[PDB]
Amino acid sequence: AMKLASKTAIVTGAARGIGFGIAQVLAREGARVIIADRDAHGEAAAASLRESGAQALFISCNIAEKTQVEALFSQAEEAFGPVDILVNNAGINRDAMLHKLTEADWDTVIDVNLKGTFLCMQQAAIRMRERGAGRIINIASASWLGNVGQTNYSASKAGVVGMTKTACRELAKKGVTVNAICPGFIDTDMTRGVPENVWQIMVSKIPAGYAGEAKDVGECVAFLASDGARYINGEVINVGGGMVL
């Protein structure tokens, strides 16, 4: 009934969008969910999961700062014990054409999407490699293989895939799986913030014929986090309705 019962999970950027969708599917499978986010709306997201009957806790955290990541994993374990699942979802966009991208927009996107994902992966690796069990699921983007106006975003997401495949080689023998999910075009506050015509152009590229939901990504994460996906490691699973960006 609940393939993730008795498992603690940390989901970064789970205050809204895809992150909250993953927290909802993990919580539904009986997992204790730690909502890690820099926005105080994460408390409304945790209170929403507890009201549905699940066990959830919000922990304010800027994954770009190592001291806050160390504090995140410390409080999470003092709250729901050992962390068995890590979902690196936290991400941001500062789009610009290569010839216009500012050094500031470059630094912020790489510091959060790439270094941020590194600092979290590291705290999970230090623990999971000793316990001989663990699940690391990184959210990348279909943009990891190129996308106009996303020099900094494609670089960070492509970097997340490289790390995912490196972590697989170092933690696989420790009974840990590290996999990446590349969501195509999902319906969230970020995608609803783009202009009308931009929405239709993207949906016209989706063979399924519609923008995915945050739970579509959550269903794939819940599977990789289960014991049934123990032989899937270092993979990149596209959840974009067959879209080829």
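The first residue of the sequence shown is number 1, and the count goes up from there.
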Mean C-alpha B-factor comparison - 208 to 216 and 193 to 201, higher one: 193 to 201
May I ask you to compare 61 to 69 and 184 to 192 by their mean CA B factor in the entry and name the higher one? 184 to 192
Taking the C-alpha B-factors as the PDB entry records them, is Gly17 in the lowest, middle or highest third of its chain? middle
Here the Cα B-factor of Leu26, set against its chain, lands in the third termed middle
So, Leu49's CA B-factor, relative to its chain, sits in which third? The highest
By the record's CA B-factor, is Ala76 among the lowest, middle or highest third of residues in the chain? highest
Please place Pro82 in the lowest, middle or highest third of its chain according to the CA B-factor in the PDB entry. highest
